[PDB]
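Presented as structure tokens, the chain that follows is alone, the form deposited without the ligand.
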């Protein structure tokens, strides 16, 4: 019902009981406070409008799927489309003050993977990790989500720009379902914990912000209405991963619902122009695989064909590399020209 919060948790690993069990970094700060894990979402009047971009350093995201400070973004993928590696990129190449990661229902190898990743990360001293493995109860998995959010909420009230990661909402949802049948399942369900959890992030007028990334596993009914609640979603295409396209983000099947609110007109024009070229390329891919593309016949098709490699090159991104907003807009500029 209460968890540890504060700068003293920076660099630490926290189990579903709110106790530190490991560290991936050590900091000079030792601030430890206590707050409840279940807190009310901000009043609408307390919430600031999402107007400022949350840069990720990932070209396809920053250019076509631009995130906003205080936004909730879904990450939809089937294991493995490189979901974990996308999250790692989001941590490395963004510029948040503090990163809070909640790993829900992960095998435990997996938990150690994230820890070993953080142990060599440059963001190590700005991260807090909360985990719940497959060996913990369904109640403990749910609390892992609340603890991570509550930890993030404290940093937000201090005015920090916080990025919250929940991997995954899928395993969290199962745990919630198992908990629901406990006590045999007015006016409180166990099923409604999911919206309460998701409306907690955001930018506060009086405080910092929480930009949250919720991962959803694909193999689902409420995968479709976690989508309904959030402010956008990123889809990792299995097709794109197998073609060696990394990150395997399907731009055309993804959206940031705050896109036009966080980029200027010049950006908006380039993005729209890029998406059309993308659509034209997909049309040609079909025509090619149908065996109806002969060079020389249609000048427009030939012009589109010769744009495929530069477009693919723009979408491609080494996971170790991060791009500034000026670089991304510069690159997409030569792609559509």
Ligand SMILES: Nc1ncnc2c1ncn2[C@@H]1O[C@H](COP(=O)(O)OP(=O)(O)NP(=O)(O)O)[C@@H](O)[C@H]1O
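Under this definition, the rigid core comprises the largest set of C-alpha atoms superposing within 1.5 Å between the forms. Shifts are known only where both forms have a C-alpha. Positions refer to the first chain, counted from 1.
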* Structure fact -> Residues of the deposited chain absent from the coordinates between residue 219 and residue 220 total 4 to 9
* Using none, 1 to 3, 4 to 9 or 10 or more, say how many deposited residues go missing between residue 185 and residue 186. => 4 to 9
* To do: Would you mind comparing 82-90 and 129-137 for me and telling me which has the higher average C-alpha temperature factor in the entry?
  => 129-137
* Asked: On average, which has the higher Cα B-factor in the deposited entry, 57-65 or 301-309?
  -> 301-309
* Identify, among 249, 204, 148, 190, the residue whose C-alpha carries the highest B-factor in the deposited PDB entry. => 190
* Quick one: which of 75, 210, 240, 98 has the biggest Cα B-factor according to the entry? -> 240
* Structure fact -> In terms of its chain's C-alpha B-factors, the third that includes residue 290 is the highest
* To do: Consider only the C-alpha atoms of the modelled residues in this chain, order them by B-factor as the entry records it, and name the third containing residue 200: lowest, middle or highest.
  => middle
* **Third assignment of residue 102 from its chain's C-alpha B-factors** => middle
* To do: Looking at the entry's B-factor column for C-alpha atoms only, identify whether residue 124 ranks in the lowest, middle or highest third of its chain.
  => middle
* **For residue 264, the third of its chain into which the C-alpha B factor falls** => lowest
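Quick note: we don't show the form solved in complex with the ligand, though the next part is all about it.
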* Asked: Does the ligand get within 4.5 angstroms of any non-hydrogen atom of residue 79 in the deposited bound form?
  -> yes
* Taking 4.5 angstroms as the cut-off for heavy atoms, does residue 250 touch the ligand in the deposited bound form? -> no
* Quick one: is residue 85 in contact with the ligand in the deposited bound form, heavy atoms, 4.5 Å cut-off? -> yes
* Asked: Though only this chain appears here, would residue 89 touch the ligand in the deposited bound form if you measure heavy atom gaps against 4.5 Å?
  -> yes
* Ok, 259, 246, 117, 136: which has a heavy atom sitting within 4.5 Å of the ligand in the deposited bound form? -> 246
* Asked: Listed by sequence position, which residues of 311-333 have a non-hydrogen atom within 4.5 angstroms of the ligand in the deposited bound form?
  -> 317, 318, 319
* Would you mind telling me which residue of 138, 94, 121, 193 shifts its Cα by 2 Å or more between the shown form and the other one when the core is superposed? => 193
* In sequence order, what are the runs of three or more consecutive residues whose Cα atoms each shift by at least 2 Å between the shown form and the other one, relative to the rigid core? -> 186-193
